[PDB]
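Here are two versions of the same chain, shown separately as structure tokens and labelled structure 1 and structure 2.
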Structure 1
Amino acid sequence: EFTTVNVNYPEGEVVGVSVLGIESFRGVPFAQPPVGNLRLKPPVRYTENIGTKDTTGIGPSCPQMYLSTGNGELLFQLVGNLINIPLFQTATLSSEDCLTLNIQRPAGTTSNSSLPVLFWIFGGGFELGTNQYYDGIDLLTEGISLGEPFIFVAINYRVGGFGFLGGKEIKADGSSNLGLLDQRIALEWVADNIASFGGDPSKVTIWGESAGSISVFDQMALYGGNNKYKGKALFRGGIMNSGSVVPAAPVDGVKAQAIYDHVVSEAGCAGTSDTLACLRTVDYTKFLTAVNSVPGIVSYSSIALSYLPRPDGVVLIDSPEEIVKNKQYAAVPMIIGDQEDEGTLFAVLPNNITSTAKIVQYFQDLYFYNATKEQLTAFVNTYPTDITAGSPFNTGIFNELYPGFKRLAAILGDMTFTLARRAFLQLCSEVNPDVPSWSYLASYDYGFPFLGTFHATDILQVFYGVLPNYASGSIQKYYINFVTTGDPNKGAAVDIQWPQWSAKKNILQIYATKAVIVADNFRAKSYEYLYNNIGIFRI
């Protein structure tokens, strides 16, 4: 029940597969393979035709730092069933030769079509992940069925030490934040070539979850908020699922230099004249071992990440909170939301962090090098020790995995995602009052034991078809409405108007079988501290 289909475009030709009404091209190379003397260097566009490429398979993935299985034993039991969510899946066909994207479109789409584009950036803690497990067929089919067809694009970008390695050596070589540059260059590729595929390059909406979501903000922030390529905006809209501003110390800071020095040592490049140059001569396997030898996300250190975007003064010019405050990001219409219990997943492992003093130490040692004990204690004291006050929110005496679990999960979730979001909306509304934004809180997994509506459960609600509930149809319709009209309420009919955030500072709360509108003001004292002292929270 299928056929192949060729697209000829300015850089080459691809063969894709048409099945179930969707034409898919997986593994379209968008930049030169970052190998040899191009490992730990910015991506560079192809300078000549790549001939005819077979894109009927699944593409490659970038090198991975897979979740610790010895460490996550309990965590992976607690998610049970939902272990089949992409974040927990294992990437296949991994390689340094991974700078490729996937293009999926309605059958019938030709180069005379000009459909809106939806550009997807995966999450994975900046250390793992791939576009392989995010297929557009169900979502495209939904789009088509709403009378609102579009084109789906999903990219790989380098992660871990391959993409976010730092230090003074990386900074001087101009090789900071390669993963971000990978995302950016794919946007410019899209700008050059998507018309050949039937996309309208002036109608690009970027979309991400977790690390991908944070990346979406960074793409707005990139180059002082210059998202223009050849005179034109690279995108017109953003959707942020769990994550935005991540205040951070410089790429040549202490944390990053320590990672770097450790990597050099484990690579066997210690004490050479030019360490960074030497890193590129190391075999792939010895190198992969080096960059993976540092702490992962499933570990005691948890969301004190080893790899992430850090200010370099060119790509990211300042720490993210300052970029907004200085009105130096590309201000586009945006949707941003959180799962209700963002922190739960990350509070599972550190099961000895069981009191205020212990939370504060943990933070002082691993997280915030610029906060004082009095400051951290003051912030932690905005969170009651009472078992009913924590995350999974609104579950009373239940879900206390260990003494202090719900409190720590509340804190971890709030500062990284949920309250950081409100801060972001607040600031954006202050410098760019005219740029509209919409925000939701997700609660459709209320009751999930110990985890509640936890990080990445939204994936299940938008990538796997329209589920037999309220939430998935609701969410997909808003998203597709947005991609099409720049406003989630405009397009296909909706049964509740989603309020613009800046109007009354209300958000949409989405349950499994209904939606309600609520004030974005819960945990106000915690939020006030965070907003008033955001500088001290630089990771």
Structure 2
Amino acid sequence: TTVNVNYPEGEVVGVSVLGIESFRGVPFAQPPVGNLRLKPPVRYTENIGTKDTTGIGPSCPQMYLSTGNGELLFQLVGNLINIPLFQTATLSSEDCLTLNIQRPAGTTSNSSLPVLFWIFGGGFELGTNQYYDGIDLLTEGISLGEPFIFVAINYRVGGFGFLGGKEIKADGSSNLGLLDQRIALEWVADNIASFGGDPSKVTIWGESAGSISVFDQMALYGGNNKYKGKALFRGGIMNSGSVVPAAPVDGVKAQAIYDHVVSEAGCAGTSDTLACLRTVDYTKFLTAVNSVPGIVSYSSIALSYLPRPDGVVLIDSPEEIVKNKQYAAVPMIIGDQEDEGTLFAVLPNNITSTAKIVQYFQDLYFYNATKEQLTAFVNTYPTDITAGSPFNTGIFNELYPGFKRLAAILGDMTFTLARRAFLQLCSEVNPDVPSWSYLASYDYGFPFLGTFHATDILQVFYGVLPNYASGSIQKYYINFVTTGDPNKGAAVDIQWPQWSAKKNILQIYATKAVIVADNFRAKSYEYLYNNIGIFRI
């Protein structure tokens, strides 16, 4: 059972399964290939005709594992995965600037439904909309009387989306993944009504790197989120990630990354290194950008690829963008999984003392923090086995001596207490703009990892397993997309208090939720807030 949409730019053949029409792999910009590799995305000028989108869309090139750093087993797999046969088997190519659109059966151009615009996460190195199907979430929306359009996009990750250095900067080529996101937003503004969505009711939603991207979209161009005189979105939902302090795109880390990629791509000593890169064949290029340290490794959260201030797209370090009121402030929901850091403390298992955590940070994370400052920060975290993450689990879950501590720290600085700082600053500069925040605990007891990073994809995005957490959060979100307030629309079980009222949040278990003070780990949070700037990665 198929279904045509015609829109200004082309038309589209989707599938209608159990009450849901799905269009997968709708092109939104020109394939960033040859000429257009390592260049900003470009809109389609001419009509692109009729594409069948009853299939499975492509992914952008992935970096699951480094081809040049980390344990040999991982390097081996990292290289094997890059061979054409596998790239082809996974539908991954530079031809990836496509999105998916899912809607309830029978929706028409006449329809004026709210839009839910999803940005996947994968440490800015991997990820794709291929395994983010909005069926369960849209199904709940219909069951609640609050139907919506679901849009899930691809964007360039790894060295295809976030290569930096002085050359990229001058080419105006910084932060391509963000621009892919932005241009996907503008495409939605031009085309989504044809699909029966209200382009004036777009809510952007992301997890991890996608959540950070949500804040970045709010920040883009000094907070100018306007397209043809109208805002590109009206609300934002952030799961695990917001502001990421970061040195400039032409900074030392990014330049070192760029020079290494250029060496591996076989482009050193050439006249235009950046021009040369676009000459290198895919496989060789993929291998070279993937050669740097990857998230699955000792390096962990000290990412090789991430958004960095360029001065136009990302005008400044995100924390300063907030303090200076240079972001589109919109109603927003932000949350964290209770144990965000555990996954990221698994590999750096030789970091087992304050002194070693400090060295680790000075080696890879924070070039503009003194040994003294970092030592102070880490010392706000007890060595006490019981104080670490997974939180509230006693002497248990210590994978290695110092694990729960490191997990606590990595999880707080990057996501959970970072979130509170974000909330605090936003409440100060834009007090009239509402926010709601929550903590997820529905996997309490899960050995070693607890309610760890990305568990929300299962429990919330897919509703597995079906329980109080699944119902409550889904309903809050769908409410928020519909009304711009999680407590408005369908009837809610607990009134979610605005964060700036008392600085309370919802803590959501499998069985129930409760309102609690967002003041845990106060000394750690204090130091981070008062010293946010030294934490630029």
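The first residue in the sequence of structure 1 is number 1, and each one after it adds one. Definition used throughout: the rigid core is the maximal C-alpha set that superposes within 1.5 Å between two forms.
Engineer: Just one of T281, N71, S95, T377 has a CA that shifts 2 Å or more between structure 1 and structure 2 on a core fit; which is it?
Structural biologist: Correct option: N71.
Engineer: Does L82 shift between structure 1 and structure 2 by 2 angstroms or more at the C-alpha, the core having been superposed?
Structural biologist: Shift at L82: 2 Å or more after core fit.
Engineer: Aligning on the core only, does the CA of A107 end up 2 angstroms or more away between structure 1 and structure 2?
Structural biologist: After core superposition, the displacement of the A107 C-alpha between structure 1 and structure 2 stays below 2 Å, so no.
Engineer: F463: CA shift of at least 2 Å between structure 1 and structure 2 after core fit?
Structural biologist: Yes, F463 moves 2 Å or more.
Engineer: Can you read me the CA shift for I206 between structure 1 and structure 2, rigid core superposed, in Å?
Structural biologist: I206 is displaced by 0.2 Å at its C-alpha.
Engineer: Taking the rigid core as the frame of reference, how far in Å is the Cα of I137 displaced between structure 1 and structure 2?
Structural biologist: Comparing between structure 1 and structure 2 after core fitting, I137 shifts 1.1 Å at its C-alpha.
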